[PDB]
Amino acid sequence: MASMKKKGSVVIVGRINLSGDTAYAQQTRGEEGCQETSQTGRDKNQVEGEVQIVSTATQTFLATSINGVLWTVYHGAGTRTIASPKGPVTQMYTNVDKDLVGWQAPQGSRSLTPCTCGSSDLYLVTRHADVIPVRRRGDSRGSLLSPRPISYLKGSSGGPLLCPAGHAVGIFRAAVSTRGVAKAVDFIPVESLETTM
């Protein structure tokens, strides 16, 4: 009982810069500092942007700010706190049935606006700053216009699907693959986020 360990916090280790005309990933913290920060839960780094790259001790994925909430997947974050300048921050949303968790958006982040366009021409942003066109096929499904191996999508759960105007349409959750080729993606629709709020 006295030897029971405590799981570390999720740690922001970078971001996907969507500011200019070129999307590109930036790293803000290395492996060693990530491990240190996950154990203390103290992260003094400045946060910027909409899409964060986050990591635990064993997994790395994405987290996206929408309406002042940093959203990500439960299968990445579990019930973990997130590191912040003042210590670990407890999740304000947890829904395992949706594979969804959320924390208050970090100070300095920018939030995407929920989409009300009703458009089916979407764009998935990956951890490698690829902007993949995706056609919406259902409430929670979309097909890649250019299929590719699932390797290129691994580590991008928690990333956004965006409409043509840059609104948040959903959060990337799972990949539909055949023979290792991702033909479609499963995502948490922004409306499901809005009802959880």
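Note that residue numbering follows the sequence shown and begins at 1.
*If you average the Cα B factors in the entry, which is higher, 67 to 75 or 113 to 121?*
Mean B over CA atoms: larger for 113 to 121.
*Taking only the CA atoms, which stretch has the higher mean B-factor in the record, 184 to 192 or 12 to 20?*
Looking at the recorded C-alpha B-factors, 12 to 20 comes out higher on average.
*Looking at 55, 39, 52, 157, which has the highest CA B-factor as recorded?*
Of the candidates given, the C-alpha B-factor peaks at 39.
_Ranking the modelled residues of this chain by C-alpha B-factor as given in the entry, is residue 149 in the lowest, middle or highest third?_
Its C-alpha B-factor, which the entry lists for residue 149, ranks in the highest third among residues of this chain.
*If you rank every modelled residue in this chain by C-alpha B factor, which third holds residue 47: lowest, middle or highest?*
It falls in the top third of the chain.
*asked:* Based on the deposited C-alpha B factors for this chain, I'd like to know if residue 129 is in the lowest, middle or highest third.
replied: Its C-alpha B-factor, which the entry lists for residue 129, ranks in the middle third among residues of this chain.
*Would you mind checking where the Cα B-factor of residue 108 ranks among the modelled residues of its chain, as the lowest, middle or highest third?*
CA B-factor rank for residue 108: highest third.
*asked:* Is residue 84 in the lowest, middle or highest third of its chain when residues are ranked by C-alpha B-factor?
replied: Top third by C-alpha B-factor.
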